[PDB]
Amino acid sequence: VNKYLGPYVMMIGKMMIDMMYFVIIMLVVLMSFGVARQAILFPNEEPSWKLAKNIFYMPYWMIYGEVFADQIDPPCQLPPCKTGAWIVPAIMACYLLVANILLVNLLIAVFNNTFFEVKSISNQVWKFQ
Amino acid sequence: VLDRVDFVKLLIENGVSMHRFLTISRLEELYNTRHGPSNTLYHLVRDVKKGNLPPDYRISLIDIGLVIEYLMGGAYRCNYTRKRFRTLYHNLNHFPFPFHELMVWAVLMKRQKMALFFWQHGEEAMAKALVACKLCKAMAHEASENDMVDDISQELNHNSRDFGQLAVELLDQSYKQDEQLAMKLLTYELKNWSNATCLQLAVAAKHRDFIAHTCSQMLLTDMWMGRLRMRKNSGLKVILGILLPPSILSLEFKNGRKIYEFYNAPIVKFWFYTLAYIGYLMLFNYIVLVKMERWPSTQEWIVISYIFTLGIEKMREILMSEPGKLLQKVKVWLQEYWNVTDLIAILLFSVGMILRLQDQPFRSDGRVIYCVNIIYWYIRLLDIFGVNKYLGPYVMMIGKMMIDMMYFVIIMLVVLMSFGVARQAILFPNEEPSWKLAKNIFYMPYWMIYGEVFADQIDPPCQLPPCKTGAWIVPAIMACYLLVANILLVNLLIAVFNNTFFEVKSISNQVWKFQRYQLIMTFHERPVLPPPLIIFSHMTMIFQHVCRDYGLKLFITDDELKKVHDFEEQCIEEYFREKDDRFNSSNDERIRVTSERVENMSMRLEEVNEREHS
Amino acid sequence: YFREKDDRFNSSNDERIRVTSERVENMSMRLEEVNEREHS
Ligand SMILES: COCC(CCO[C@H]1CC[C@@]2(C)C(=CC[C@H]3[C@@H]4C[C@@H]5O[C@]6(CC[C@@H](C)CO6)[C@@H](C)[C@@H]5[C@@]4(C)CC[C@@H]32)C1)COC
Ligand SMILES: COCC(CCO[C@H]1CC[C@@]2(C)C(=CC[C@H]3[C@@H]4C[C@@H]5O[C@]6(CC[C@@H](C)CO6)[C@@H](C)[C@@H]5[C@@]4(C)CC[C@@H]32)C1)COC
């Protein structure tokens, strides 16, 4: 009902679609990284639904500032090092660089370049409604 | 021969007819003239004849046909080199369409005004424009290859651009006047142009504005949908029909046999391929997530069969290429990055599989190879996504922005390496040479710019062991490094991405619209079975080896051909009339004509006032 | 260079409008003077 708080909600509703169009690519990259890391680090697992949870959990939490290098690649007194355990930090670095630099800035540009028409349409529709 | 266009027009207006004037002898005399601007025809003829022509040689029509075949492309066949014309030429007339030959001669001899005059007289104007554009492009490439005076290339490029613009404007006029006849105009077979179509000619000339037009896009949509009339809700119905074959019989078809027409549609093949690829990816995830045993399980056998069938299909698709030589076909196939990446991934998977069926260490190495290789097949889903109207240009934009990201990665690496070397050198002054030193330089400085900052480990407090000499510089250099990395470069990159978005978006949309055609043709050519079970289709063709009604062309009769020619002539006449009417009513022309008339009127009035009859 | 500059300047819309206005003014004045006479 507010003169200023209606068009903002309409803009949010109109921008959710553009956000969803990038969520899919982000999910693809995240799932690839998670599957690679889980497969490399745990080679003696049995089929269980716990496997389907470790794919998305930590890779999703890591792109919101919750990075812990002591758990992406545990040091390896210590139990013997897994075969090819050094690829995990490299793929983690590549995944972070792709997720937090390229796609986020591209989405920012997409939001920035498509603001004027959305604002005008939202104002017109609010005045009509 | 003197390039007098106005005199040619005047003589045409005074009874002269090209249907009776033009003969083989007169055309050959025209092709061997010297009273005009310099051209590059003789160099092309010499190159085609392998540089073995005698001095002051006389060019015949067969040489011109060979030059045209060389310029147009691979599969193009000129009418001069056909057997009927060779028989008629060795045993000695007339030309049913003289303006075709006249325009080709004008284009080859680089007489743009004469070619423009000849273009609007006759039938099949759009095909002539496309052929002229392609010929000019090829001639410009050839001229620029062999160190000419370097301006002939730009003149030929300008001529090609002019012809392409004319073709685009004619297509726009035709679509605006009548849509169905315009679509029929783009697909009928051209018997005089090596049995090609206007769409194929436009694709061969790489004319992106022509393909990206609305009429071409809707023609491609109709071609992609096959013989199915569904437009309101596709995809779901196609998937339902694929999963439920009995459900096929509840669809509206274009004007027992429903199964054959349904399965041969490109969209159905695409959805079948997508479902098979999704299943293969699921099986790959299953085999890499669970414990691996001594011998491959059923799912591993399935994925191996899938990858092997895909490899043999890719191998067979290289032996059906247009070029003749085997080694030439390989270097033509190896022109898309996707094919090279697929070949590399297949070879790596083969190496991993070979190393997998061995003892425990080799098996572990093969498993690690599988784990590394699954990433490429996960990433490949973007190629499938590229079919969506919205998800293709985004991928193209990502590909175009990666270069700008890389141009800043280097500076970020320089700053990071400087900080890491300084910190490691200051904090650990009693180390021995080891490769562990080369790891501490990049690890923590890189992790710290993604929110993993720990002040208790950048500068440990210093009961405590004695403080290192100059250990207080580390927090200061860390603060400076954070300020530089997370404020300056990131915001500059954001600005660079923001200010270079409009042109990238437009180019991506245009290129996606252009490249829809290759996707449609590729899925029209492909068999009716997915790669996991194409083994049936790869052996049937062997037995049939020793044994395009629509989707590529459209065969039409003669009365409809006459109707199409009349429609095209009406469209071009309307286009020229509209151009003239728009030009005559502009403000600049009115001002100029008014100024000239006022000047003449003032002079005449002064002359009139000069007389004194009183 | 100088010839191109002069040719571009002479064919501009503003110069054509100005010259046309001056010529029209002179022509109107001369036609009024011509109509001023009465030989009949
Ligand atoms: C404790 O004992 C439990 C046991 C039942 C365990 O059954 C297993 C059957 C395979 C299954 C369902 C299990 C774990 C990983 C699961 C994968 C995760 C994959 O993720 C997806 C992720 C996203 C997709 C793109 C790729 O695949 C799956 C296709 C994939 C997926 C769901 C295939 C299915 C796998 C559980 C008892 O039952 C009798
Ligand atoms: C456990 O015992 C191991 C021992 C072998 C150890 O050899 C040492 C030889 C020097 C070497 C290779 C070592 C550690 C730091 C290494 C530096 C890191 C630098 O980084 C780079 C970083 C980026 C560049 C811009 C600057 O230099 C190197 C030029 C630099 C660099 C690679 C020079 C080489 C150094 C290992 C056994 O061998 C018999």
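Residue numbering for chain B follows Swiss-Prot; the residues present correspond to positions 520-611, 655-817, 884-1090, 1103-1187, 1200-1266, in that order.
For all residues, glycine too, the Cβ spot is worked out from N, Cα and C.
Membrane topology per Swiss-Prot: B:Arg922 and B:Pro1021 sit on opposite sides, carrying different topological domain names.
Residue ranges B:558-581, B:793-816, B:1051-1074, B:1135-1158 are listed, and Swiss-Prot annotates B:793-816 among them as region 'Calmodulin-binding'.
Panel annotation: around the transmembrane segment (B:1029-1056), residues 1065, 1068-1070, 1072-1074, 1077, 1086, 1108, 1110-1111, 1113-1114, 1117-1118, 1121, 1124-1125, 1129, 1132-1133, 1136-1137, 1140, 1144 of the same chain, lying at least six beyond its termini, place a Cβ under 8 Å from a Cβ of the stretch. In the topological domain 'Cytoplasmic' (B:949-964), the DSSP tally of helix, strand and coil residues is 8 helix, 0 strand, 8 coil.
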